[PDB]
Each structure stands twice: as structure tokens, then as C-alpha cells.
Amino acid sequence: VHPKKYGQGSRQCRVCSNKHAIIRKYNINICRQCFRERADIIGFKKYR
Amino acid sequence: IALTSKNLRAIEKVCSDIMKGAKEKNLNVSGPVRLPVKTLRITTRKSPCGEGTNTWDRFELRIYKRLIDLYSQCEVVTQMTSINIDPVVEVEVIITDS
Amino acid sequence: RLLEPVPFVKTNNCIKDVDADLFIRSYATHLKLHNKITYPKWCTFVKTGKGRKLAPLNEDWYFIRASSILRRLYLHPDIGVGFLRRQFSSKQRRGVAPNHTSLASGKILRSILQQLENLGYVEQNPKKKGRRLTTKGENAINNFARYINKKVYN
Amino acid sequence: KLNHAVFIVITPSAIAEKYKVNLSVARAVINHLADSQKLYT
Amino acid sequence: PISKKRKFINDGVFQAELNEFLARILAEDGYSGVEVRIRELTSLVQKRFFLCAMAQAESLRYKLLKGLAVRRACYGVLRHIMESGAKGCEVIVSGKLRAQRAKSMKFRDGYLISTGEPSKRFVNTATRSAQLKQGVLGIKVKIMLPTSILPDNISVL
Amino acid sequence: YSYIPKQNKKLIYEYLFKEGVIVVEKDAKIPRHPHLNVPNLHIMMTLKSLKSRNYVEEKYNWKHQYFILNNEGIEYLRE
Amino acid sequence: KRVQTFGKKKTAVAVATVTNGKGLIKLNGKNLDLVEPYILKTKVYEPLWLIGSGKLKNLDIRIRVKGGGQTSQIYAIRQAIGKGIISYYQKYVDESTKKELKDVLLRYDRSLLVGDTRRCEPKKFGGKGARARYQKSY
Amino acid sequence: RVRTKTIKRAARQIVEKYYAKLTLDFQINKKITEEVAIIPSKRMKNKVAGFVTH
RNA sequence: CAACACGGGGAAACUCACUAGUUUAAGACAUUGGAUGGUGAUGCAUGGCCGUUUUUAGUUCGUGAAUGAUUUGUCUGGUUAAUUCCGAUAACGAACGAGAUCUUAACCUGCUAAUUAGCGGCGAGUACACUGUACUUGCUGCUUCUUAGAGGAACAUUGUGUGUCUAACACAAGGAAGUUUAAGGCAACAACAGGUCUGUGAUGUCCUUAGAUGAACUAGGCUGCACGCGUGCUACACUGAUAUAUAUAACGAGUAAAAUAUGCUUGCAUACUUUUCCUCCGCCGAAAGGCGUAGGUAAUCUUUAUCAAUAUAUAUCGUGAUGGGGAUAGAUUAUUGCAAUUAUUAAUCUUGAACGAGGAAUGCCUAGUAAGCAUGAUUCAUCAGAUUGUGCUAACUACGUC
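Chains as they are written, first to last, in PDB author numbering: chain T, 7 to 54; chain N, 21 to 118; chain Y, 15 to 168; chain 2, 35 to 42, 58 to 84, 97 to 102; chain D, 4 to 39, 65 to 78, 97 to 193, 207 to 216; chain O, 11 to 89; chain M, 6 to 143; chain W, 3 to 56.
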């Protein structure tokens, strides 16, 4: 091994480990495809 | 005493409870101060593969903060707080008064 | 254009009664006449901000800018250098790409700020942020305001 | 075209037409007469 | 410590993670309360941090796994939901359905409501994937129950 | 240079018996766990073997691996 | 003593403080003279003509402005002055004189008596505007 | 504009049992309709009051 | 079309699946058999989700009635966004959808409240002016404005026409508002062999599974370039460029590496302390940028009674590819990172292409919109010409028709 501490390989979706479409806003760290399943149980609701 | 919640009804229920609670020991209160609402807004694309018309929907987690404060000794307010609690709301006690 | 009749009463003693440009130029000219202010040397060569690229093309511009800063000081009490950089901001043409905001050069601002302070017109306190006005400078600004106010009036 | 040289109703364009000169040269003539945009009335 | 905005999301994420953990366990009932059989489960979560639709749907997916006929199973489950006091219900079974060529079949009864926020308020919902012998069925259960009543009621005495 | 770590396996077995459960997540690169400073990979391989032999039950939710030691597993493990 | 009103076009809000006085008009820390654009200078001079000097001459006006750009702010100021003038004559002077004054103001325009009804429509995905959309293609 | 079947049906029930409480005025009818029928929305109540007044 | 700034997919490495190769065990069970994994194959095996069908009024049931598929109900007619209502009628009565509901924005309660908002009350100064005004430090009953709760307000209200003079429509007045007030959200029936197994320990079957299509590591590649078509940006000047001045905004968003001290042989080990996301402020720097520090879990500090740019005001050009334009290139010092060398990004000076308002074609738009002008957020170690929000500057033209 030889580690990389920054950029794409430093992070993932916490739920699915995929590296794509990740919401890091408010430090959620979930990809939106996973997040839209759970956003209600997380406590969000859409209105607009 | 600061009250933070994501649920309107629960925070309002706590408001009525604290108003009664204050009058039980006949305390001198400043009226409940509702602090500016923070909304945790996520504007989210619909489709897991990004299909069709682009199509975004806007999700909101809206948290309510309120503060009600009291000029009273430290023991009285903490004991009042412990009788007044319910699980859902987040309570912070900042009173050093006498 | 220069003066119009109006029915309402005015304060008649402050920059809040004055044509900003006329005031700025007059005080700059007065300051240069007095010779308290200096350009100096290197500041003849410099550029005023990358949003411009150029420079004011007037040779008395530093005194004008100093005077303009002093007016901002009268408006806004405890402001500092980053506030000044932001104050004098404009748009910058990014070549083929669209505009984004660009600061005025910070050394000329810093130099003016220091120079006014050395000449006693402003005072940095331990309290709050930056430099506020000294009373002597304020009274002079008021006197110049009074001169202009009389000059237009009669 | 040929409307530009140094030597020989108030409004600069008319002056520039009349003597066949630039608007800078017209403005200079206005300034000599007097002895953005401006008010000529 | 961290912001309220950070705090509330972290609480929500944890709530989802525990709920999904519970969903892997689930059989007897939907829930049995937080603790600040069950003893071992409590021990696992304490280590880690240091009627309603879903029960009916889960019952149905177990019956599909047991190899009972889909139509008979769905009819029974639907009937139980209505009998037990649902004001309406819709159960959809999607997928292979004893063939290579997939299809879906809807089984609704009662006043099942889809329109507006009253639908969201009074319709309780559950989704289940059944992996079976030939591939996969998706069950989607919707149960409509009061908690007061629909706004379409005129309410004249 | 270094080989298979039996002493670490012995330590892991003791920890497993004492608790009767382990929650520790999937990833093998990390070696830090609140009760353990030995690599996750070593424990994970042993847990896989124990599960296969039916001395452990898995429950699994997105990298959370919820391992419980079985009564037959407790008796066998104890020494 | 004191009477209070406000004016509200788009974001902008101009609150008017009308006290017993002598004919002074301010905008925050600044005299009314410092509006600057000639057109918008007239827009706030307009109510001054409608009430004349001698009805202005026993009141001072101070106005407090937040939000919007200049054209919106000046219309908010103008509305605040209109309502302000009326409120002083309703609280201190006379209802009949206030009605007479309001008639004059109404004859000039509605906009210094009743605020704007126009407010922004949100952007929606698929175009730069509220309604305007990105180009279709074949 | 118009008025839907729910509004008309509610209005038809009214008068039939309640004409002796009804009046010409809309604001009083709004009060009467609120008093008599436990309508869940203001909009709905106003429409029923309006049509009952009509 | 509804593929084509679309795959939230703004690729230096990491990324990556590709190309050149270098490695590795991370082979459960009794090194041999054996299994276990796969951003491999299969969306015409499938689940889920999303798109279309389609932003429009359509769908269905109970019983009755009409060799049968089938039909009535669900309609001559009036009316409506409306299987909306009236009305009519082998049907009568329903249920779903729509409407109602829900989120904003719009206006009003000498009602509800005052903190981390204001106002006054009142001390202290510096200026100005008189039978008060302006400005800062110091202390401290009101709630109109700041915030955020509850509650009101349109029902076609009144009037006049039109309309079976029924459901209803039209105009004017009143009114903060008169189309369901304007904008959203939610989105049936029944489909499509639309897209997605490269989002998922959702997943069948198939390939492969240790000179591995796994994991991991080093380069190169994704931006290549005789060339063709989409979507966007910037221009073609004088109602403009250039330089000063005056004004100002809403939505926001913000907390395990490194450094230093000690012991040892520039290196290592141990100890110990900050930075970490936002940076006011103060020094130094043309500039980028640097250094020193302070407040920030946030109505408090960055910073928002002011954080933008077009506006607007005075000056300089003066119609000439012109000082328009900024393509293209050279020389710098910075910045992020191990790595910038396919100009990463940044500024400084110079360099000064096409383009003289766009042919055939064709897009979007009706009121705070359209257009122009900005800017926050998203990705982000490193980066907006993208997307998604938000504001300011505030148009034209019917106001309808098939």
C-alpha cells in the first residue's frame, strides 16, 4: 500500500462506499441516490 | 433556558409547560424569545442515474430555537428543569442568577 | 446642476451636507497646498487595482484618494484596511471568461492610512477594529464643509 | 474621413459638423467660447 | 463539540442506521422502545455507539418465501388489513410471478388515497424485496388509517 | 519481515469470549477499534471461520457486521 | 412627540419618523439633498409640493432605510413620506385637513398612498429565468 | 369559479335543518355555518357560507 | 423530441473501469481437493428508483338494463382549468384522480413576545445653530420597524348588465389583494420490452476467480487531432470604452494530520504544543501573496442598519479594426499538493488573431416577469465560462385565435 490523504480516494458515501454524487454539505457524507431513501428518517421534508 | 427542536408542536407544548412551571414557584420570567429559524436545505436532483429532464426537489430540515429566561437562584431553576423535561426537545440551562 | 432651490431645512456643517467630489478634490488640493501629504516616489509608478489594470491618469490622484478615504472615515467610524480594499473594489474582465470582483491595491491604502495617522488625523485605539478620526481633522472637515456651504449659498 | 486638423447654437456635434472637426476639438472650441454630458442652455 | 445543524443531521443518520439495523432483525412487531432476545440486541447497539404496514408486508414476504400461491397470499393479507380496521389498502406485487416474463399486479380495497398531504398523513407504507427461486419480487404495501379524519367530510350535523 | 500472528489470534479469542458479541465494521485497512489496537483483518478472518463452523451468527447492515457468539461457540472457545 | 409609518417596495423598506419640529428632512445620517439621481430627486421632492411649506414647517421628518437599490428605496421613501404626512395630520392636526391632504396626494398618484403589489417569482430548473428555458434542439 | 358537489351538498343539508338560524349577512352566515358545521378549512367554510347566502 | 454543460460525470495522482507493467494474499471447510470475491457479461431475467406517455381530465366499482365480444352509468344542452357544476336522461348510487389539503410570497391585528433586534430615557465629550442639530464613548420604562408565534382578511362583497334568467358569466365600484390572489409541492387509470445490474451485502443466470477480469502499486491515457454537428460564454463600440466619485443586495456559509522540545546516529526515536472551516484586525508586499495575532458549535465573531455588480454623476477618447475586441504567444513571482512538465491555478509586463451585428434555418417569453447586471451554494487538497438558488437595475406587445 501507499496512502493518499486528500482528493477523491480520501472519501466515500458512508452508506454504500461509492465515490460518486456525495453530499458533503452540512457534513452528511451520503450520495444523493442513497440519501433520498433516508432523508425522511433523517428528518428532512420537501415543500418547494 | 434555551429550547431547540425540529418539531413545532413539541416546542410549543414545552412553552405552555414552562409558563405553568414558572408560575408554580411564582418566578420572574422574561417572555419566550423565538430566535431566527435555521433550515438545513438540500436541493436534490431527482433520478439515481440522472435521467430525463434535469428535475430538482428542495428538502428542508427546519430547526426552531427559543429562549425563556428567569431571575432566580441556581438550585430552583435546575430542579424546575428536571420536572419540566420531555425526551424530544433539546434543553440548555444558562442561568447563574439569584 | 451645481445648485437647485428646495423647501426643506438642512444641517449645513458636515459631509452629509456636501458634494462629495467637490469636497474630496478641495481637501486634497488644500492638503497638497499645506504639504503634509506626500505621494511619495514609488507611488507615482504603481497600479491602483487589477480590475482597472491602468491608473487614474491625473497625477494628483493619491491626494484625491487620501481625501476620498478620509470621507469614508467620516461615514464609517472604526473601519480597517480589508474594509478599504473591499470599499474601492470593482469588476475585473477575466479575458474571454466572465467578470469577478477585484480589490484596489492594498499598499496605497495602507500608506494613506498610515500617513493620515502620522499627520494625526486618525487614531488606532486598542478598542474595536481599526482607525477612527481625530477631532482636529473632523473640525477641519467641518470648516471646509462650512466654506463650501457658504460659497454655494451666496 | 477628413474631419480632423489642428488649425483654422451651442452643442459639440454641430460644431464638429460646421468646422469639420472631432468632438474633442469641438469641446475645446466650447471651452474657448465659455471663457457625462453638459448643459448648453 | 459541533453545531446544531451538524448535531441534528448526525442524530438523523444514526436514527436511520439503527432503523435499518432493526429492519434486518424484525419479526414480532414494528418497535418496542429505545433503551438508553432484546438484551443481546441492546448490548450490540450499546457497543456500537460507545396494525401498521411493515409487519403485514413482512408477513406477506415470508409467505412468498414459503412458496404459498401469490394470489391466495395477497388476498389473505389484504383481507386481514381491511378486517383489522383499515379504511383502505393497496398492495402491489411486481416481478417475475411464476414466469420469465415479468408483470405487476395491484390489489386494492377501501378508501385508499393518493392525492395531497392527507395521503401522506393517513397512508402508512412498506416496501419489501423478496428474492425467490427464479429471481425477485417487489412488494409495495399501502394502508390508509385515521388518526382525526379526511378533509372531504362536510361535517354538517 | 513477519508471518501469521497466533498471539494476536489468542488475544482476539479472549476479547470475543468476554463480550459474547462484536461490532467493529468491515474495513481491513484501519487497526484502531475502541477495545482493540490489533488489525481488523485478523479478527475478521477468524470471525468468518467461526461463522462458517456455526459458532457465531452474523447480522449485516451496510458494513455493520453484528457478530454474536453461539452457546456451542462459548463452550468450545472457553479453554 | 412622535408618530411612525413605513413604505415597502420590493426588498426595500423606508421607515418614517415624524416628530414635532421645524422643517428638517433626513435619510438616516444624511440630509434629503443627498439622494443623488436627478429623476429620483424629483420623486422625493413631489410630496413636498403636495403639502407645501407651511404645513411642513412645524414637523421634522427623519427616515430610516434598509434593503433594495436606489429606485426601489426612493419609492419606499416617497411612500413613507406620504403615509408620514397623513399620520401627523391624523394624530395631531385634524381628520378633515388629513382628508383634504389625502385627496391632493390621490390626485397626484396612488403610489405614495398604496405600495407596490409586484414581488419576485422563484427560479425553477431548466432555465436562467423564472419561466424562460434553455434552447431545445434536434 | 363555481362551487363543487361537497359545497352544494353541505349547503343543501343547511337550510333544511337550519333555515331558522340563517340570515342575509355573509359574516353572520360565516359565524352560523361555523357554529352549525365543523368544516375543516376556512376556504371551504367561506365557500359553503357564500353558497348558503346565495 | 422526451440522447446530445446529459450520466451532480467541474478526470494532475488518488481518479479508473483503459494502456504499459509491477506486486500481493486479504484461499471459509477436511499444501492437495474445495469454496469465496468481482465500478466483468447480461436492464429483451429481474427488484428498486427515475423518466416518459401527459401537466390533462380521465379511470373504476355495486346493482339494474342492453347470442355475445361489449355497452349504459362516464350524457342532448348550458357551463368550467376541471367525468366542474347545473341540467337532462335505462339507469340510480358510489369510489379513485382533480378540487379541497400542504409550502412560500402578498395585506392587517395602540392583540402575543424582547435575546445575541430596535426605540426612547439619561449621563459624558467634539463641532455646529437658536426663542436645536450632527457625531462617538458610558449606563438603562416602550415594541412601530428586526425577529417569530397565534389570529384576521375574498364569499364573486356591493352595484349594473348578460345567462334556461337556473348553474353561472361580464363590467364598474369598494378593497392590501378580486381568475382558485401569484408562485410552488403532491400527480390517477393504463402503458412503454425508455434509462439505470458503474448507487446500493437489491439481484437471477453466465464468465472469471492466485504467471486472478479480485485487492494493491508505479507510469501513460481520459484535455489526443486533416475534420463534422449540438449547448453555452465573449464580442463586434460613442445610449460605448477608459478613470475617479456616489449609492447600495438577498439567499447564504462557516472548527486525525502537522509543528515544536528532549535522547540517540544531515537521519531516526521519544516527549510536548498548535494549525486544521470562515477570516476581521495590524504589519510587510505594484500585485498576487506573506507574516503576526483575535472571535466564531454561531441573529453574538468572520459580516450583512451593509458583503455585489449593472445604476447614476463629473472627467479622457471622438468613428478610424479605433484607445473596439482579447483570441494567440513570450518572458515572472506566487498558490494548492509527493507530484503541476499536455501552458493546474494566480497575478506582472509585453504580444493585439478572427469579428464591420450573422445566410438557409431555428429557441424562449404576457408582469417585478422578459432582458441586462451581479453574487451565494454544489463539486473542492487544488477550480466556474457549468448547474442550482438569490437579488438589484424594471421593457415591449396582443390581452387573443385555431
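Using N, Cα and C, we set each Cβ at its ideal position, and we do this for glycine too.
| Check | Outcome |
| --- | --- |
| Under 8 Å between C-beta atoms, does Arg-38 (chain T) make it to chain D? | no |
| Three Cβ pairs or more, each shorter than 8 Å: is that satisfied between the segment 26-46 of chain M and the segment 120-139 of chain D? | no |
| Would DSSP call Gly-141 (chain D) helix, strand or coil? | strand |
| Which of the three DSSP states is assigned to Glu-35 (chain O) in this structure? | coil |
| By the criterion of Cβ-Cβ separation under 9 Å, what are the contact partners of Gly-131 (chain M) in chain N? | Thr-73, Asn-74, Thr-75 |
| Does any CB atom of chain T fall closer than 8 Å to the CB of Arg-29 (chain N)? | no |
| Where do the N-terminal and C-terminal ends of the alpha helix (DSSP H) with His-44 (chain Y) fall, by residue? | 34-48 |
| Give me the residue from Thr-59 (chain N), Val-113 (chain N), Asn-104 (chain N) with the minimum Cα distance to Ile-83 (chain N). | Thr-59 (chain N) |
| Let me know the beta strand (DSSP E) ranges lying completely inside the segment 50-95 of chain M, each 3 residues or longer, listed in chain order. | 64-71 |
| Is the distance from the Cβ of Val-111 (chain N) to the Cβ of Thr-101 (chain N) below 8 Å? | yes |
| Among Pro-91 (chain Y), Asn-132 (chain Y), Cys-28 (chain Y), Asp-33 (chain Y), which one has its Cα closest to the Cα of residue 6 (chain Y)? | As shown, chain Y starts at 15 and ends at 168. That puts residue 6 (chain Y) outside it, with no answer to give. |
| Using three-state DSSP, classify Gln-138 (chain Y) as helix, strand or coil. | strand |
| Check whether chain T comes within 8 Å of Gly-162 (chain D), counting only Cβ atoms and requiring the distance to be less than that. | no |
| Closer than 7 Å to a non-hydrogen atom of the ligand COA - does that hold for the CB of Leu-21 (chain O)? | Among the ligands in the structure shown, none appear at all, so the ligand COA cannot be discussed. |
| Going by the DSSP bridge assignment, what does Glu-112 (chain N) pair with across the sheet? | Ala-22 (chain N) |
| Give me the Cβ distance between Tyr-53 (chain T) and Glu-80 (chain N), rounded to the nearest whole Å; I'm assuming they're in contact under 8 Å. | 6 Å |
| Compare the C-alpha of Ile-155 (chain Y) against each of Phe-22 (chain Y), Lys-61 (chain Y), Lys-121 (chain Y), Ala-34 (chain Y) and name the closest. | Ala-34 (chain Y) |
| Under 9 Å between beta-carbons, which chain N residues line up against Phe-11 (chain D)? List them in chain order, please. | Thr-24, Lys-26, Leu-60, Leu-81, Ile-83, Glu-110 |
| Pair every Cβ in the segment 61-69 of chain N with every Cβ in the segment 21-37 of chain N, then say whether three or more of these pairs are closer than 8 Å. | no |
| When we look at the beta-carbon of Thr-6 (chain W) and count the other beta-carbons within 10 Å, is it buried (16 or more) or exposed? | exposed |
| Counting only the same chain and skipping the five closest in sequence on each side, list residues whose C-beta sits under 6 Å from that of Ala-75 (chain 2). | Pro-61, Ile-64, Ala-65 |
| Within the same chain, show all residues whose beta-carbon is closer than 7 Å to that of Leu-111 (chain M), passing over the 5 residues directly before and after it, in chain order. | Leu-118 |
| For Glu-136 (chain D), which beta-bridge partners are listed by DSSP? | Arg-154 (chain D), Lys-188 (chain D) |
| Please list the partners that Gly-28 (chain M) has in chain Y, where partner means a Cβ-to-Cβ separation under 9 Å. | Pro-21, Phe-22, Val-23 |
| Count the CB pairs spanning the segment 69-82 of chain O and the segment 35-55 of chain M that are closer than 8 Å, and state whether there are at least three. | no |
| Rounded to a whole number of angstroms, what is the C-alpha to C-alpha distance between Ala-42 (chain N) and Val-113 (chain N)? | 14 Å |
| Contact defined as beta carbons within less than 8 Å: I believe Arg-99 (chain Y) pairs with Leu-84 (chain Y). What is the distance between those atoms, to the nearest angstrom? | With 8 Å as the limit, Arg-99 (chain Y) and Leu-84 (chain Y) do not qualify as a contact, their Cβ atoms being about 17 Å apart. |
| Going by Cα to Cα distance, which pick from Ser-40 (chain Y), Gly-144 (chain Y), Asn-157 (chain Y) is closest to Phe-97 (chain Y)? | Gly-144 (chain Y) |
| Residues in its own chain within less than 8 Å of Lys-32 (chain W) by CB, not counting five upstream and five downstream? | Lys-47, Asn-48, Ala-51 |
| Can you give me the Cβ contacts of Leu-72 (chain 2) inside the same chain, cut-off strictly under 8 Å, excluding the 5 residues immediately before and after it? | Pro-61, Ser-62, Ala-65 |
| When the cut-off is 8 Å and only beta carbons count, does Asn-63 (chain M) lie next to chain Y? | no |
| If you follow the beta strand (DSSP E) that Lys-85 (chain N) is part of, which residue opens it and which one closes it? | 76-91 |
| Leaving out five residues on either side along the sequence, give the residues of the same chain with a beta carbon under 6 Å from the beta carbon of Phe-153 (chain D). | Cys-120, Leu-124, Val-137 |
| Say whether chain T places a C-beta atom closer than 8 Å to the C-beta of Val-182 (chain D). | no |
| Let's test the definition: count the other Cβ atoms within 10 Å of the Cβ of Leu-37 (chain M) and tell me whether it reaches 16, buried, or not, exposed. | buried |
| Measuring straight from C-alpha to C-alpha, what distance separates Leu-158 (chain D) and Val-182 (chain D)? | 26 Å |
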